[PDB]
Number of protein chains: 4
Amino acid sequence: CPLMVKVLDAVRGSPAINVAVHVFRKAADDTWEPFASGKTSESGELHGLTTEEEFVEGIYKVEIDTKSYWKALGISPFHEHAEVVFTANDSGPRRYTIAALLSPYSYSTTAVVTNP
Amino acid sequence: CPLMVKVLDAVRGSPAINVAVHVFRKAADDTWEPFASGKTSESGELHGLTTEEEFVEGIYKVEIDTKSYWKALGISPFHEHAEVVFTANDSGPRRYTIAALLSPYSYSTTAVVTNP
Amino acid sequence: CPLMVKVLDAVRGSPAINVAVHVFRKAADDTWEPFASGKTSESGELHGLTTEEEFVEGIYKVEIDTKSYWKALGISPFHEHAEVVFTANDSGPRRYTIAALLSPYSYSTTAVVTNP
Amino acid sequence: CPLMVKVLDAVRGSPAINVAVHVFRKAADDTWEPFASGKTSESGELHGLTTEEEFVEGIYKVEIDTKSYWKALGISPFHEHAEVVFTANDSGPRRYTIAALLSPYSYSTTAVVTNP
Ligand SMILES: O=C(O)COc1cc(Cl)c(Cl)cc1Cl
Ligand SMILES: O=C(O)COc1cc(Cl)c(Cl)cc1Cl
């Protein structure tokens with residue numbers, strides 16, 4: 001699995017469950033082409049977005065739909081989403097974990113990049 | 001000052017100086033129209049982006065050029081930029097501060113929304 | 001002002017007001033001797049803790065009473081307090097700002113060390 | 001496993017390996033009694049600190065030896081350590097994950113608490 005997303009909820013001290021995630025890749029014409037999407041599991045993790053063959057070099061955007069998450073919990077948050085934009089696989093294939101820690105008016109994101 | 005941006009550097013424990021910041025407002029056709037921009041000061045702050053008259057309700061994007069910041073310091077970063085997307089609301093308090101804390105592979109952002 | 005503390009609330013997007021802060025200095029026998037204390041202001045800030053003459057090199061602990069803060073707001077928190085322990089160095093820049101961003105089950109802290 | 005610690009490095013985008021961790025528990029006399037210790041693995045994770053039988057109700061301190069970590073990488077950081085202090089098991093046994101994201105002048109910590 002070359003691209004995994006993990007989301008935590010800093011209000012409840014729990015995984016952030018059922019968070020929608022949309023991944024885009026910048027096309028030759030500089031538009032964002034949908035690439036993959038999914039939603040976090042009961043563990044806060046989203047696996048299976050893509051394959052090693054499909055996940056070529058490029059600029060990717062991982063959109064985490066934080067507003068939709070909070071509004072389901074009846075909470076009115078600040079951000080529309082949390083966006084993570086990065087160049088991937090420019091020195092060959094790597095495995096990426098994008099992590100995000102959510103609060104209503106804040107978020108933190110980090111990346112763990114490993115070479116298989 | 002309805003909108004201020006502050007950027008800090010978690011590697012050196014310092015303001016993040018001379019960071020380019022671009023602000024956009026979402027147009028009716030869902031594109032991002034340039035709205036304001038500047039470079040953070042010696043204190044990591046960017047003031048004077050807009051006025052009360054011009055800063056109407058709507059969705060805004062603040063794009064912080066973190067990659068150029070790290071590259072100018074000789075450091076290899078993960079993200080292309082940090083993006084903060086939010087809705088300005090007239091019901092809420094008047095003044096918005098968007099703060100960002102930068103590391104090479106991670107950033108945190110929060111919003112402080114206050115009244116005078 | 002050699003030492004300032006700033007506290008923000010990530011649930012409401014606001015300064016964290018009326019937070020008790022206690023500062024200690026490590027004594028030669030390795031105990032923590034009271035040094036300074038106060039409550040954050042309406043802006044989330046605590047100034048005037050010490051003077052240049054009194055703030056000599058050594059190890060200091062800043063203890064932010066986050067549990068009482070959340071309890072006064074009717075919210076159930078994880079931590080007893082947030083502790084920030086660091087060495088003051090005269091080689092480094094003069095002025096220390098300790099900032100903390102609070103959520104019920106998470107906090108972030110950074111140091112900004114600058115010269116005038 | 002009722003108490004697990006995970007540490008990430010925000011400069012390298014990697015697990016923080018070989019981080020020493022010391023856990024203490026407040027005694028009846030209000031001193032901190034050593035409780036358990038260990039060091040993070042190649043995954044940044046520390047398992048096996050304690051057992052369900054041993055991990056009774058109490059106030060615990062998880063000390064993460066961040067200064068020793070950075071100084072091994074030849075880096076001179078701000079904090080002496082990152083301390084996480086919390087009441088555990090006060091509504092019966094729970095499983096705790098303490099996570100920390102490290103930079104030289106900052107850290108973030110969160111807790112995930114689950115009911116088995
Ligand atoms: O917000 C401030 O003025 C200073 O303190 C902070 C700065 C940042 Cl960038 C973050 Cl994420 C949190 C705090 Cl408390
Ligand atoms: O889950 C981990 O990999 C470690 O804990 C964290 C989780 C999140 Cl979501 C974030 Cl943003 C940081 C850390 Cl250290």
Side-chain angles (χ1 to χ4, degrees), chain A residues 5-19 21 40 42-45 64-79 81-82 84 98-110, chain B residues 10 84 86 99-101 103 106-112, chain C residues 7-16 19 44 64 66-67 69-71 73-82 99-110, chain D residues 4-8 10 62 64 82-87 94-103 106-114:
Chain A
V5 182
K6 183 160 184 168
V7 190
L8 295 183
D9 178 324
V11 171
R12 304 166 131 179
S14 65
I17 308 169
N18 295 324
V19 179
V21 178
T40 62
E42 57 215 329
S43 71
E45 299 188 1
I64 302 169
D65 292 335
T66 60
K67 183 168 188 174
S68 294
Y69 172 76
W70 292 114
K71 276 197 148 57
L73 310 172
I75 299 303
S76 185
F78 182 74
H79 302 92
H81 34 252
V84 178
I98 305 297
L101 173 70
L102 310 184
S103 301
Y105 283 75
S106 75
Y107 63 90
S108 296
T109 186
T110 194
Chain B
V84 179
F86 67 96
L101 175 64
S103 300
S106 176
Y107 63 90
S108 300
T109 189
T110 192
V112 185
Chain C
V7 190
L8 296 181
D9 176 330
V11 171
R12 291 131 51 94
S14 69
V19 180
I64 303 173
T66 61
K67 190 178 179 175
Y69 173 78
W70 295 117
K71 281 162 62 180
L73 300 171
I75 292 170
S76 186
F78 176 76
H79 301 92
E80 290 295 301
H81 55 252
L101 175 64
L102 306 183
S103 300
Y105 282 70
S106 176
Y107 63 90
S108 300
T109 189
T110 192
Chain D
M4 188 267 274
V5 182
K6 183 160 184 168
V7 190
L8 295 183
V62 174
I64 302 169
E83 286 196 12
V84 178
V85 182
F86 62 101
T87 296
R94 301 293 187 270
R95 292 183 186 158
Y96 297 84
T97 302
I98 305 297
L101 173 70
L102 310 184
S103 301
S106 75
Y107 63 90
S108 296
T109 186
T110 194
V112 171
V113 182
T114 66

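Every chain is numbered from 1, with letters handed out A, B, ... down the list of sequences. These numbers come from the heavy atoms of this one structure, side chains and all, not from hydrogens, waters or symmetry mates.
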> With sequence neighbours excluded, what pairs up with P15(C) under the side-chain contact (heavy atoms from CB on, under 4.5 Å) test?
Replying inline: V112(B), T114(B), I17(C)
> In Å, rounded to the nearest 0.5 Å, how long is the span from CZ of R12(A) to OG of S14(A)?
Replying inline: 5.5 Å
>> With heavy-atom distances below 4.5 Å as the criterion, would you say the side chains of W70(A) and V11(A) are in contact?
In response: yes
>> Contact between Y69(A) and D9(A) at the side-chain level, heavy atoms closer than 4.5 Å - yes or no?
In response: yes
> Could you state the interatomic distance from NZ (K71(C)) to OG (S76(C)), rounded to the nearest 0.5 Å?
Replying inline: 9.5 Å
> Are the side chain of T40(A) and the backbone of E45(A) linked by a donor-acceptor contact shorter than 3.5 Å?
Replying inline: no
> Shortest non-hydrogen contact from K67(C) to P77(C)?
Replying inline: CG-CG, 3.9 Å
>> Give me the atom names and distance for the closest heavy-atom approach of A100(C) to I64(C).
In response: CB-CD1, 3.7 Å
> Is a side-chain donor-acceptor pair under 3.5 Å present for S103(B) with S103(D)?
Replying inline: yes
> How close do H81(C) and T66(C) get, heavy atom to heavy atom, and via which atoms?
Replying inline: CA-OG1, 3.4 Å
> Between atom CE of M4(D) and atom CD1 of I98(D), what is the distance when rounded to the nearest 0.5 Å?
Replying inline: 10.0 Å
> Considering the options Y107(A), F78(A), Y105(A), which one meets the ring pair (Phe, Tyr, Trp, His ring centres under 6.0 Å) requirement together with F86(B)?
Replying inline: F78(A)
> Judged by atom type as modelled, is there a donor-acceptor pair below 3.5 Å linking the side chain of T110(B) to the main-chain atoms of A10(C)?
Replying inline: no
>> Would you say that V84(D) contacts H79(C) through its side chain, given a criterion of any heavy-atom pair below 4.5 Å between the two side chains?
In response: yes
> Considering only heavy atoms from C-beta outward, does the side chain of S106(D) approach that of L101(B) to under 4.5 Å?
Replying inline: yes
> How many angstroms lie between atom CG of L8(C) and atom OG of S108(C), to the nearest 0.5 angstrom?
Replying inline: 10.5 Å
> Between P104(A) and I75(A), what is the shortest heavy-atom contact and its length?
Replying inline: CG-CG2, 4.2 Å
